[PDB]
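Enquirer: here is my input; please provide its structure:
(chains A and B, ligands or ions: 1)
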Protein chains: 2
Amino acid sequence: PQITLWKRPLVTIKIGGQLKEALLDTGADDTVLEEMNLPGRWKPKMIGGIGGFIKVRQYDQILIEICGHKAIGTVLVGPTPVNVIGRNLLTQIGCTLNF
Amino acid sequence: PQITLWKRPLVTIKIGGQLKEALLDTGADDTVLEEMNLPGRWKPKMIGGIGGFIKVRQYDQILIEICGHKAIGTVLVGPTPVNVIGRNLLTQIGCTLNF
Ligand SMILES: CCOP(=O)(COc1ccc(C[C@H](NC(=O)O[C@H]2CO[C@H]3OCC[C@H]32)[C@H](O)CN(CC(CC)CC)S(=O)(=O)c2ccc(OC)cc2)cc1)OCC
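Expert: Residues are numbered from 1 along each chain as shown, chains lettered A, B, ... in the order given. Below is the structure in question.
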């Protein structure tokens, strides 16, 4: 679809069999989700935002369906204020900015 | 134009008679720019993201040119690690997400 930005670009995602709401975030290099249980091995990592760095759990090669489009990539899980879909997965679904 | 997301969506902006590089950020409600000595009145504000909150100065009705597209709206100035163009201005230049 073509998504305007008068509202937050929120969409439904499916990860680990669970449905969630996430923000399509072109300013995020990576995808960061709120605390949740995901199956598989994970390694701790650090990511920095506008307010500093946080600790996250990094899951590699995770299946995630975004607004009907499938992606398989890295998903970070930690104390983010909102679920954000970052460029690592936006590229996979063919998302571009247009004006 | 069309901007792919393989790399950070950086573009040149013109604000306060200065040229800068800024991120087209669909995840940013508002526009946040690196410290700069803009004239006029301002009101204090706090904005939050990954890592917590930072203090910024809110300037209203500021003209910014983004890839030749003129826009006028609220600009937040503070110790942000990156210049981000938020939805308040992205809407004015007709920017959409497409996949
Ligand atoms: C690289 C230079 O230094 P740093 O590494 C960090 O630099 C940065 C800092 C910020 C950004 C932009 C930020 N992206 C981001 O957080 O992405 C994370 C995940 O993926 C990583 O990629 C880039 C960093 C990692 C979001 O697009 C927008 N944000 C909100 C969003 C938060 C997820 C939704 C709530 S917002 O900025 O907080 C914001 C809040 C309220 C506003 O209006 C009221 C306007 C803006 C990009 C690079 O370290 C500094 C210690």
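
Enquirer: and residue A:94, how many residues sit next to it?
Expert: Neighbourhood size, residue A:94 [other C-beta atoms under 10 Å in any protein chain shown]: 11. The C-beta positions use only the backbone N, C-alpha and C, and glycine is treated the same way.

Enquirer: what parts of chain A come near the ligand?
Expert: Residues of chain A lying near the ligand by C-beta under 6 Å from any ligand atom: A:25, A:27-30, A:32, A:47-50, A:52-53, A:80-82, A:84, A:86.

Enquirer: quick one: the helices in chain A?
Expert: A:87-90 (DSSP state H).

Enquirer: output the longest strand belonging to it.
Expert: Identified as the longest strand of chain A according to DSSP state E is strand A:53-66.

Enquirer: direction included, what does that one pair against?
Expert: strand A:10-15 (antiparallel), strand A:43-48 (antiparallel), strand A:69-77 (antiparallel) (DSSP bridges).

Enquirer: which one, of these, ends up nearest to residue B:70?
Expert: strand A:10-15 (28.2 Å; C-beta to C-beta).

Enquirer: in that closest one, what's buried?
Expert: A:11, A:13, A:15 (16 or more other C-beta atoms under 10 Å in any protein chain shown).

Enquirer: pull it out as CSV, backbone CA atoms only.
Expert: C-alpha atoms of strand A:10-15 as CSV (Å, rounded to 0.1, in the frame of the first residue of the first chain):
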residue,chain,number,x,y,z
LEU,A,10,1.3,1.6,12.5
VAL,A,11,0.7,-1.8,11.1
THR,A,12,-0.1,-5.3,12.3
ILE,A,13,2.8,-7.8,12.4
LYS,A,14,2.9,-11.5,13.1
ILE,A,15,5.9,-12.9,15.0
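
Enquirer: tilt between the longest strand of chain A and strand B:52-66?
Expert: Per axes from the mean of the first three to the mean of the last three C-alpha atoms, to 10 degrees, the angle that strand A:53-66 makes with strand B:52-66 is 60 degrees.
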